[PDB]
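Values reported hereafter were calculated over all heavy atoms of this structure, with side chains retained and with hydrogens, waters and symmetry mates removed. Proteins come first, then strands; the chains are lettered A, B, ... in the order of their sequence lines, and each starts at number 1.
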Amino acid sequence: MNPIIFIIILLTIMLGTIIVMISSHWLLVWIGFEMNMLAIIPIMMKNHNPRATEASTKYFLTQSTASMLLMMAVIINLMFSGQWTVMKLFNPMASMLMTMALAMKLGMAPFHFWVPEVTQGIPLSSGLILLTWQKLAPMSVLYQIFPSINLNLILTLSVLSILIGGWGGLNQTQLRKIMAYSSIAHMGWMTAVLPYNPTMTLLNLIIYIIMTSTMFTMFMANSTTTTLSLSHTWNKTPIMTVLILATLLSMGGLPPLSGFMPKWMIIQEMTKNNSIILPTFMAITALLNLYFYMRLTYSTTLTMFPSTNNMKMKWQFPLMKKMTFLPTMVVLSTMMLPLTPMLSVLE
Amino acid sequence: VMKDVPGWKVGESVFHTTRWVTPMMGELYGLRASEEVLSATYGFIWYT
Amino acid sequence: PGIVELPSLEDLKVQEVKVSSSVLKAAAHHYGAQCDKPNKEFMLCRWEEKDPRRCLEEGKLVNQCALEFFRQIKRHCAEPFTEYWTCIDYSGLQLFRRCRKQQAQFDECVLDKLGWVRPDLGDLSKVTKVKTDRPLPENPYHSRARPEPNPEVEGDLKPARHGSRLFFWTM
Amino acid sequence: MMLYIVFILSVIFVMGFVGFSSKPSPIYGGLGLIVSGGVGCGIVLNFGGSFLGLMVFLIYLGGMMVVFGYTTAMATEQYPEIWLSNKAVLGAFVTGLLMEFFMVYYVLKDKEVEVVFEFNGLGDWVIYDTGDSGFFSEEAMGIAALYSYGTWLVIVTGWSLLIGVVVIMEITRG
Amino acid sequence: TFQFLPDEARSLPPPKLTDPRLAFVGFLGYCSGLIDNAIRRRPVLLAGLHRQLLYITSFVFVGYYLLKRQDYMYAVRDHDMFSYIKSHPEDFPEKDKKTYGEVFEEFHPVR
Amino acid sequence: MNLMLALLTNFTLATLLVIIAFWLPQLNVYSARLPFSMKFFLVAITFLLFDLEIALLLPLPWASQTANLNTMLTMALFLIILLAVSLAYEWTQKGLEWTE
Amino acid sequence: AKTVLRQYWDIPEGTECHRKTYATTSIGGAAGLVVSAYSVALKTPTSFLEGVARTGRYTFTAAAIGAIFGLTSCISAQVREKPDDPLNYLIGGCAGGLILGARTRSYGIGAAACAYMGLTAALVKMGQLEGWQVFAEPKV
Amino acid sequence: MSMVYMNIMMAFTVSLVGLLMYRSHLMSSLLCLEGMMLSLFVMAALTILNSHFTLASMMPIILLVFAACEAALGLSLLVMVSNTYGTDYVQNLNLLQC
Amino acid sequence: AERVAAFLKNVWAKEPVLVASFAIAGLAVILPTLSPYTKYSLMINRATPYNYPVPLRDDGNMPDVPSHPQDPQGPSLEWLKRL
Amino acid sequence: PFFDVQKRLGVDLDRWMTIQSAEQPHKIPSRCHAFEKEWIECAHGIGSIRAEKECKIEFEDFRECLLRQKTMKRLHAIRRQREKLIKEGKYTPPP
Ligand SMILES: CCCCCCCCCCCCO[C@@H]1O[C@H](CO)[C@@H](O[C@H]2O[C@H](CO)[C@@H](O)[C@H](O)[C@H]2O)[C@H](O)[C@H]1O
Ligand SMILES: CCCCCCCCCCCCO[C@@H]1O[C@H](CO)[C@@H](O[C@H]2O[C@H](CO)[C@@H](O)[C@H](O)[C@H]2O)[C@H](O)[C@H]1O
Ligand SMILES: CCCCCCCCCCCCO[C@@H]1O[C@H](CO)[C@@H](O[C@H]2O[C@H](CO)[C@@H](O)[C@H](O)[C@H]2O)[C@H](O)[C@H]1O
Ligand SMILES: N=C(N)NC(=N)NCCc1ccc(I)c(Cl)c1
């Protein structure tokens, strides 16, 4: 890609998301998703190979189907209320269709199958956009329509994603697939608390984005896409292994790290609503994620895996990748727990 | 026609408000011949 | 819900203006000048009451003014007017610009024998003012009382008592 | 009767959808969608959507569906498989066709029907508007307003079409 | 509406520049500076002091305003809560308090 | 009704002409990819995208009747310029070339 | 699903066993059908008959568990004269677990299923008595 | 609801079931996607026209324009798939299974 | 400037079609702002009465509102007649 | 909107098309303009939790204008009864 075109396409991805976030009209929300989907396909395809073409096609079919269902919900809503204002929907069938459409876009279980396959088939930088920035637009719609969402449907979607995400990651050696299943599980926490306190949804989304960006950036710095490749980091950039260890323990939700905060506050909000079984089930199920985060730490930082002779040639050259914002992102990913009350800015 | 339908009140509004409401096509031509109804509904759309 | 009140078939009866649309088009410009006052009184009623049942009397006066208008054309200018609206009636679009000669004969006849002056371009599209003894409606929409606004919040903003109060945090 | 013209068109609309949705050869599927598009325009025309109806013909049929057939002839099918020769297509086609007929039979017999949801069956003419004597097309006034009220719609729509060109050139360069 | 710090927030005292939370934010900025040196294999403590200074300053600057919004949002929460309690006295009756001499509690021996 | 009659007459006649054209007395007793070319695909797609912009311009004769002519003229030109930019981009990226 | 669960919890415990066994068997059958549907869609059977055999195998296996739980738990409440007792559900839950071991022909799965499903049923009874909420309505 | 909405809602459901029950050709699933748009265009137009929502008269056109652009993107992906394997069969798009 | 004229002669010789296109497109953008007649387009469009002019209830304090269409008060189209 | 940029800047990006009782070209009103207006004015500023209960009358009337279900049902009843009587020859309709 021409560097100027790449910039304009990146800005269009952002503009489509921004349109969804500033719109009060349902048509403009739909347009924002359409524009956003159009601009993201070229960065899935940029490396031109059958795997990237399959991922782009699987992605296109899922998102196009979800956008058709969204437009149905909008039109049904118009028929029964005569208006387009972005807010609660005025028809339960419309609410189910929009909820299902937004669940499909977020890759929530049982509409999750595309996330591991699309992420695996695209470059790390494109996967970074797919699993972080692309969550913003659908989550911002859910933030506004949650009063009319069926509680049983949304909590069922959340519980399934936490189970599927947790179990799916156990069988993975590909880093992009580990991140994909990790993403699915984290979406479940975000939607489980949405009916009770959307602010906590925003907190979880922001922190998840920060830790997810950190991990993708650290994978990109070393061009690592598999567990075994990542296991060579100790013999090249020992500092990177320590940063990876700290970030993974944070994504595992271990105190005193930043990733404990969203799980901590979601459990609080659910208990205030006399929800005890569900948060307890979620917290215990999230141990599945901790298991396969811990597995990565064993092969990356806490043990030294076998190396190769040609690795010595790498010792003579420095890292030249941008690693933009990595020092800031890693510190926020791990050291933010003492500032937890700052979540009120999101109110 | 609705003289001996139990509970029926003749000319009862379906709206809560007492404001005048413009009748729709079926309210005016509901009981009239099909030729007139066709002209009132599709005559303009179908004209040449 | 209640009963829609409808006027009886007899209260609706009135003498009709049973002339075709080319006749009305031909006479429209003098008709607007001559019958403006009952016409504007009727249109004010309709847009203020928003109810056809409330302006039947004014609607009947509109008909009477038009009938008297066309009785004065018949008495004095029947032949020039007939040539004029027949000229209009021939056109599929009933165009004024195809009938300027005949319009001139009719215009000169009414001015001579009735003092009628054709309003100029732009006149009949003016917003005029009408004097009506009819009382201005109070609640034309038949609105219910609006719900009471939520209790407003007033006072001085002070710091949060002991800060966030979040678990163990002291600020 | 002609008073049910919109309903009759809607019935044909569904059969055309069952046509391509059972997915015969894409050549025939494209034909079924074209027939549904034309019938869909007719439904819109009978509600006063003259300009909207003709856009389906000009853009949906004359533009999008032409490109679909062009691409099918070039990258999908060059010779159609005999229609309904496949068992699943024939079964799906028959299954949908029977469902539509059972719907249509009952609504016409009772002048109503409950297929999941309640639908009146008196004829769509009953809901039409009873007063219209303006000197303009309301649909035309609304569409023309795109350039006065819809500045923001024009900007985002025009931008997306430009990005469409840029994106498609990137996709296909390979 | 869509305002980070509305004008009514100016009636609140500003956070002190020696706030312990603000100092921690500054420390986080310092840590980021060292991690920047480490990932690029520079001398961790000495390299690029101009860069290390901006890391601290940027964190403190952004941290100060985030703390200001944090405190204002909690002041608004208390303001809303107290106004609602005043508006609805019937839902927050002043409790009749008895002394432990009058209150009966069961005794549970530990034997 | 008239337009429906006209359409039915035109195509009914066309059917009949095809019929007799195929059956007159004779008096005798005895799905791959078609050598796919990417350039022709891009012509069709380019036509589609330009056709959608034409759909947006078709209202212009009515839009000129607005009192908001300042806004209307600016948006009309903006749309056409963006169409020109699309053509300029395709042109300079060799999208209008038939060689190679 | 809300209609069957309404029927089951409407009947008093330890009474009308046949009605209780029907509600749980139908509930078990539904779960079996749901499992079969996903199984057949995501794991294509080799033939039409193999797909039908699998659907019946899962569906009967699930209805067998639902029947035994309902019957055993309703008899325990009747025999013991202890309606509002979680132990009846624990007995019914373990019985269903053993069936799974038999249908899956295994001893470890049966033992594991007896304990996990037995505890789950007992927890379900406690939540019914104490009004535990799984999907709690937002209140604050 | 009015009688027409039954069939228009049915048409969307038929095309949605068609889209979700793939066969072999990827083109066939794209046609069902455009069928869904068509039924959405008709239902939206009917609602807007019947209610005399004047400014909303442009909405079906915007829907048509954006959906045609989405279809153009989908067709481009189909030809790239066809160039890779020689057909538009969806059974070939299974590399990311592993 | 001289470099500007040399550039224009070059394109005029090699690409007169594109030169004409850009010149016409430039005039279309610029000339409306320089034309003394563009103001009448706004006035004529506003002067076309599509809907009925609803009369005002006379409160006795509207000396600028005509009572009859042929009274002098109100907008005049004499500027349009002479156009 | 998630971020209410429009209100912050005072710019109208898409509010103009959100409701049918807003300003329209040439003051062309929607069929349910009066019902939408009443419902909007009833519900304004009190929040959807309160409005769902307190503006139910205006909203039910508005929904009747939108889809006309009760009106069609009433017409269905009168027509169905008329067909019965004519089938029994007990009613002759006037011209
Ligand atoms: C890549 C993006 C490209 C965007 C291109 C946009 C180009 C726009 C160029 C012209 C825009 C304004 O064009 C024209 O300017 C004159 C300035 O006097 C305006 O003003 C003129 O008309 C108005 C009526 O509204 C009168 O009140 C005014 O007296 C008259 O001078 C016109 O109303 C406007 O039609
Ligand atoms: C390893 C453990 C795995 C997780 C275990 C989770 C256990 C969760 C406990 C089950 C949920 C609580 O159980 C549920 O409680 C409520 C409380 O009235 C009951 O609610 C019922 O109330 C009345 C009867 O009192 C019924 O008429 C009504 O149909 C129903 O709403 C449910 O019928 C019951 O199913
Ligand atoms: C990513 C792209 C970045 C570029 C962003 C460009 C944003 C451009 C926003 C255009 C809309 C500006 O703001 C809006 O403009 C138009 C006139 O121009 C005004 O609209 C005006 O004309 C029409 C006709 O009645 C009506 O909307 C309204 O009566 C009137 O206000 C709006 O009152 C104003 O709120
Ligand atoms: N929907 C929810 N349950 N949560 C929620 N945001 N409640 C509103 C209560 C609240 C809490 C903290 C603050 I600071 C403020 Cl200002 C207001």
Side-chain angles (χ1 to χ4, degrees), chain A residues 27 30 64-79 93-94 97-98 101, chain D residues 6-23 29-47 49 52-53 55-57 59-61 64-65 68 96-97 99-100 103-104 115-117 119 124, chain H residues 1-21 28-50 59-68 70-71 74:
Chain A
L27 183 66
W30 183 80
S64 285
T65 307
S67 90
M68 283 302 159
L69 293 170
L70 190 138
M71 174 54 54
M72 191 41 115
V74 164
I75 288 156
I76 292 163
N77 192 58
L78 173 72
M79 288 166 51
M93 173 55 106
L97 284 182
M98 191 163 281
Chain D
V6 154
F7 177 60
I8 279 159
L9 287 172
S10 90
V11 160
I12 297 158
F13 195 72
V14 172
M15 326 204 282
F17 265 67
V18 172
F20 62 79
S21 296
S22 59
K23 284 183 289 314
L31 275 171
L33 188 46
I34 285 151
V35 165
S36 296
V39 155
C41 154
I43 294 161
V44 172
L45 285 174
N46 277 285
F47 280 81
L52 289 173
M55 285 292 106
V56 176
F57 265 96
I59 306 308
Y60 191 89
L61 294 189
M64 196 206 78
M65 282 312 295
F68 262 90
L97 195 100
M99 257 185 110
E100 180 52 25
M103 272 153 81
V104 161
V115 177
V116 198
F117 310 108
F119 296 97
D124 290 284
Chain H
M1 307 160 258
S2 179
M3 187 191 339
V4 64
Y5 282 122
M6 182 181 84
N7 273 308
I8 307 311
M9 276 168 203
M10 177 67 177
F12 178 90
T13 312
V14 168
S15 48
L16 174 57
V17 171
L19 180 60
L20 293 181
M21 302 189 79
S28 291
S29 99
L30 290 185
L31 288 169
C32 293
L33 184 68
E34 292 325 294
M36 269 166 101
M37 185 250 291
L38 179 60
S39 64
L40 290 177
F41 175 100
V42 174
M43 197 193 341
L46 261 31
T47 317
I48 290 154
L49 288 170
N50 183 255
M59 169 271 167
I61 291 162
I62 303 301
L63 158 63
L64 182 60
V65 162
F66 275 89
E70 171 174 83

When rounded to the nearest 0.5 angstrom, what distance separates [atom1] in [X] from [atom2] in [Y]?
| X | Y | atom1 | atom2 | answer |
| --- | --- | --- | --- | --- |
| H:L38 | H:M36 | CG | CE | 12.0 Å |
| D:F7 | D:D124 | CZ | CG | 8.5 Å |
| D:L31 | D:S36 | CG | OG | 11.0 Å |
| H:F66 | A:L27 | CZ | CG | 8.0 Å |
| A:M98 | A:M93 | CE | CE | 13.5 Å |
| A:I76 | H:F12 | CD1 | CZ | 7.5 Å |

Using a cut-off of 6.0 Å, state whether more than 12 heavy atoms not belonging to H:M1 lie near its atom CE. yes
Shortest non-hydrogen contact from [X] to [Y]?
| X | Y | result |
| --- | --- | --- |
| D:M55 | H:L64 | O-CD2, 4.0 Å |
| A:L69 | A:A101 | CB-CB, 4.0 Å |
| A:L97 | A:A73 | CB-CB, 3.9 Å |
| D:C41 | D:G53 | SG-O, 3.2 Å |
| D:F20 | D:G32 | CD2-C, 3.7 Å |
| A:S67 | H:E70 | OG-OE2, 3.9 Å |

Compare all side-chain heavy atoms of [X] with those of [Y] and state whether any distance is below 4.5 angstrom.
| X | Y | answer |
| --- | --- | --- |
| D:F119 | H:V4 | no |
| D:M65 | H:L31 | yes |
| D:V56 | D:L52 | no |
| D:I43 | H:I8 | yes |
| D:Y60 | D:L33 | yes |
| H:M43 | A:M79 | yes |
| D:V44 | H:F41 | yes |
| A:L78 | H:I48 | yes |

Once side-chain hydrogen bond (donor to acceptor under 3.5 Å, both in side chains) is applied, what residue pairs with a partner in residues 3-21 of chain H remain, sequence neighbours excluded? D:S10-H:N7, H:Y5-H:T47
Side chain to side chain donor-acceptor pair (under 3.5 Å) partners for H:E34, two or more places apart: none
Exam field: side chain D:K23 to backbone H:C32, donor-acceptor pair closer than 3.5 Å: no
